[PDB]
Amino acid sequence: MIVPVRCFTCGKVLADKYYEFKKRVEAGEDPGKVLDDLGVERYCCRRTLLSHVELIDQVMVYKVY
Amino acid sequence: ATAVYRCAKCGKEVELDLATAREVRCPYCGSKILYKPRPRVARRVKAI
Amino acid sequence: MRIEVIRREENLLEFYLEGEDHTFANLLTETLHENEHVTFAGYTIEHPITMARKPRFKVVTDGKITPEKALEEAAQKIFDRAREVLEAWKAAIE
Amino acid sequence: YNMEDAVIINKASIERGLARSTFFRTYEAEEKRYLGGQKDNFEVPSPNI
Amino acid sequence: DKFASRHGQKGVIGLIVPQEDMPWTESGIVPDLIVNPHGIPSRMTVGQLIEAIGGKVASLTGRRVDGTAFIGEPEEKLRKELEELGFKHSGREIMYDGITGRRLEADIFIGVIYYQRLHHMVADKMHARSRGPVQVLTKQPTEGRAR
Amino acid sequence: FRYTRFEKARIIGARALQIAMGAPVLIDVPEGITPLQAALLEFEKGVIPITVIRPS
Amino acid sequence: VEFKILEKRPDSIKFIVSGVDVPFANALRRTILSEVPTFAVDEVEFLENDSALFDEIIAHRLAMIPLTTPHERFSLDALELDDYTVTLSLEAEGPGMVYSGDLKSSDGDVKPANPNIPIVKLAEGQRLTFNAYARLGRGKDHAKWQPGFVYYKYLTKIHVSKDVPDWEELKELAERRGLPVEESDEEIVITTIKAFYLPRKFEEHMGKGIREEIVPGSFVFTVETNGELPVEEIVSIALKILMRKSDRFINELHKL
Amino acid sequence: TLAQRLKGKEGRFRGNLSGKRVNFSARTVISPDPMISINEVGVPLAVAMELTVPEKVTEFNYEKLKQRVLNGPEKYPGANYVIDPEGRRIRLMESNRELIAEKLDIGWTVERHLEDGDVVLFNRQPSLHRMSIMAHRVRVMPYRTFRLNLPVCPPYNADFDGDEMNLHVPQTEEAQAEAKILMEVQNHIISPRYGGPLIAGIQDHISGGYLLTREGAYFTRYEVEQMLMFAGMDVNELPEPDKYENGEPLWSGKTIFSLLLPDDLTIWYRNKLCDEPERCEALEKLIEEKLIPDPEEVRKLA
Ligand SMILES: [Mg+2]
Ligand SMILES: [Zn+2]
Ligand SMILES: [Zn+2]
């Protein structure tokens, strides 16, 4: 539901640059170039960033207490 | 043996005694479903 | 580190090395292979779960030197090589 | 260890949160009322009982 | 723990191998899963290989690969873009052994495959009874694991 | 004369049952083995006293 | 032993090691991966947690946060790590997003390296308060203690004969991919400092037209860090750990 | 009514008399384990600390059983119950753990935890043949799943795609002896259905054997030593290398495979890799004439 902190393969941190990547993707730019300029070169980290979908915003609306 | 409870919908604190409760509900909004609040005693969770 | 001798012969030494993994085991085995007086030098892990940290080593020499001396020489060679690589790495940046 | 349809997983990947799952089980308790006014009570049972 | 691919390839975890012991490719990629090569051709599962190629292509390019039936991206096109990305057409990569450290004599096929964890976990399936409750009728052990 | 698998299993079971509730071992023991292992070593040493009755 | 540095970045280093064999390179890689110790969150004491994420998920996310390791104070090369505990206290109230930089560390030098790591989103009326206890550990026990990533490849030279058709395409592809290419009057030599794979049209020449040789005792190493330790100090720490392991083995042999 | 209680699959005769639920049994998923022998089964620690073997206290196992009692049920290797000679069963808790241990004597019974070398039954359902259950040896590992050696899988008709297997622990000494002698794994290698090998190598075993024994397959000294150590072979000294390449010795895979076979073994046949019958016919003819062909002569036309 939230972006993982590190890549599952090598442990490279990706949560810092995920929201910038998502914002640039919504602007219409090619996600490959966005990943390239963000330092995400290995396709395992690219797998982690691309395949992740944000869902925590739809879980926060259901309060539990 | 009365205790404080949290409402499911409004979320405000609801106070009632379950031992001698003729009916358990939130008087503020009429909701009949309540949540038991988490205790403030510190709990320790192992990181992975 | 701990050494537990299982079988000892006139030229053979078999021992468990508790607290170690494939890294130092492979390094020591190859360093022993670098020695010409060691006829046989092998290591194994009998189970990657129960005893993944307890490799078993078998060292058989030709009789010129004891297997313990060969293992000590291999460890000293590993230490010297690591020191040389560390010094080269420090000189590379500085 | 991947023989006969088996698979091998990475320890670091598992420790990094890959394929991590949580299992929820829900239990229910009802303060049922019996004949003659007898009913269940929600309280910590005494050791004497 | 039961893990299954989307093409009917299923199995339990055989070993939790540490990352230092796992092999890695020349590009610096350590696989998150290792499957036996014997199961791929016996069950005639080429869609798994096509999905691995498409997943690698999608990860490298950043664009999701369409896998729809009869209108999906052709396999040959996927191999073409994989070649244009700097990788081998077949998806094979030069891998080094994680224990010995030497280069493997065969180029290993590594790609991104969607693997899902199933609810048939070993935590809810392990049962162990020595002695306990018995049936009131036959004086025999009870049914199931809950009791 | 040879011992069948069923006869050998029956002899070992009887010897282990005897050892469990008495019947001191006729041979040395490794100080920690189970009575089944004691019966196995007794059979391996050829010292068992139990015979097999065969119809004739 | 000769060291040649190819690329240096504030989070990574790619270099060439010469004079060492395959077992030594593998041992160095494994020592960097699993033996080099760093600071990671080991335990979490929770006071309040009203977020969507569970306690275990938040604790695991905290464990994945890289923490700076003061290698000067703590002898990271020792076989026994110091039992020092660093407390990072967080007390945040929603709505908003909890970042790694909001943690208040009890030690100045032991702090999260990346202060822009999201942890959890808090809605209105949701608050999160905890104390995370971090201690030194090795990557062989958990992935949270890994200083980063490390790999190496064989330093291989690819000789392409000029009789092979479209050799200029291979030369320009290698030049585009940042590989050192030397040109002679009979063949072209490509130094594979990165992962280089020949196209399908050149696969038929891999036996007699295009050849690949492995430089004996030379490897290309790439080590990337997540900010816990300087990328130059990780190799030195791993080599010192190997030296300490050799000394301990010598001592054990003398005791035996 | 009574007729339906007696008859049917769920009836007393079938569901309660011919077959019934038993005690001291476990059941969980199986995972591969080539590192253990065909005689061994991977028993989880949680399963081992639950299933108990009742061992009578004798003059030779008194110290071991006393240590098991002193360990308790929460420490491995320990014990769960103690039965006096008169016949009262006492469960071992923390309070009476030392008191019962001090009271232990000859004739007492200790329900100790599953230890290494213990004989247990390993059955997979459905049991179509008598080879569907065999008596293995307990190997205790700290994980959760069962572990079974791969060559024993074809007897069980079991893969590792979520297969569930059961384990039965014999209690009486006679049952343990019967399991050890009759239903041991190595005693049922040959299938009685067709008189051929049932416990046999499959898949990766066959592929690795082909890769090792194929023509042109050579290995370095380090690789040969590593595989000898991995296979647990008692090869103290390496054999003479077959050839030297680039100044280093090389060993043929056939030479390494020959160390497995007994020194007095001689057999010739044709395998499934036959597509040039001329060479096979020449080899058969050469064997037929001399009956002891020279190894150099065989290798010339191998
Ligand atoms: Mg199956
Ligand atoms: Zn990655
Ligand atoms: Zn309310």
Side-chain angles (χ1 to χ4, degrees), chain A residues 1-2 56 59-65, chain B residues 1-47, chain D residues 20-31 40-47 49, chain E residues 123, chain G residues 41-63 65 85-98 102-106 119-135:
Chain A
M1 23 193 291
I2 202 150
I56 185 169
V59 191
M60 304 155 36
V61 295
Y62 301 107
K63 260 40 144 184
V64 176
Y65 311 123
Chain B
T2 185
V4 201
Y5 293 90
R6 284 293 277 280
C7 191
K9 338 262 163 83
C10 79
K12 295 199 234 63
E13 266 104 324
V14 181
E15 212 301 339
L16 39 74
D17 165 49
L18 270 190
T20 60
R22 81 305 299 141
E23 142 168 352
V24 46
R25 82 178 250 273
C26 171
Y28 306 358
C29 59
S31 149
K32 305 254 315 173
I33 299 155
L34 299 187
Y35 276 111
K36 192 158 179 43
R38 278 140 158 79
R40 200 57 56 270
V41 47
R43 63 244 198 215
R44 180 97 47 121
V45 178
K46 214 162 320 287
Chain D
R20 213 165 274 220
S21 61
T22 314
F23 170 70
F24 322 103
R25 189 167 284 281
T26 306
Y27 306 87
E28 57 187 14
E30 192 205 346
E31 253 195 16
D40 293 313
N41 289 305
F42 279 159
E43 96 271 29
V44 177
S46 309
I49 89 166
Chain G
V41 166
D42 188 48
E43 230 180 335
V44 176
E45 163 196 291
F46 268 115
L47 273 318
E48 276 138 351
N49 186 22
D50 306 316
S51 85
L53 287 188
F54 298 131
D55 280 1
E56 41 256 37
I57 310 184
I58 295 178
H60 171 259
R61 286 185 67 78
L62 288 152
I65 291 170
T85 307
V86 192
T87 307
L88 311 111
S89 59
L90 178 102
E91 183 157 18
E93 179 85 62
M97 169 94 73
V98 171
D102 306 332
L103 302 153
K104 292 310 131 204
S105 186
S106 74
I119 297 178
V120 75
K121 304 192 50 65
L122 304 170
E124 266 279 339
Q126 298 187 330
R127 61 200 334 267
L128 179 61
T129 309
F130 56 80
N131 303 312
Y133 311 110
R135 64 198 84 259

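Basis for what follows: all heavy atoms, side chains included, without hydrogens, waters or symmetry-related copies. In the text below, chain A, chain B and the rest are named by the order of the sequence lines, each starting its count at 1.
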Distance check, rounded to the nearest 0.5 Å: G:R127 atom CZ versus G:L47 atom CG? 9.5 Å

Nearest-0.5 Å distance, CG of residue G:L62 to CD1 of residue G:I57: 12.0 Å

Taking side chain as C-beta onward, heavy atoms only, is B:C7 less than 4.5 Å from B:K12? no

With a 6.0 Å cut-off (strictly less than), is the heavy-atom count around OH of A:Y62, excluding the residue itself, greater than 12? no

Which distance, rounded to the nearest 0.5 Å, do you find between the CG of G:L53 and the CD1 of G:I58? 5.5 Å

Would the distance check show the side chain of G:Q126 and the main-chain N or O of G:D50 forming a donor-acceptor pair, the cut-off being under 3.5 Å? yes

For G:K104, is there an ion pair with G:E91 - N to carboxylate O distance below 4.0 angstrom? no

Can you check whether B:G11's main-chain N or O pairs, donor with acceptor, with B:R6's side chain at less than 3.5 Å? yes

Enter the distance from B:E13:CD to B:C26:SG here, rounded to the nearest 0.5 Å. 10.5 Å

With a 4.5 Å heavy-atom cut-off, do G:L90 and G:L128 have their side chains touching? yes

Output the distance between atom NE2 (G:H60) and atom NZ (B:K46), rounded to the nearest 0.5 Å. 15.0 Å

Quick one: does G:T87's side chain have a donor or acceptor within less than 3.5 Å of a partner on G:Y133's backbone? no

Between CD on residue G:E45 and OG1 on residue G:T129, distance to nearest 0.5 Å: 11.0 Å

Could you tell me whether the side chain of G:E43 and the main chain of B:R44 form a donor-acceptor pair under 3.5 Å? no

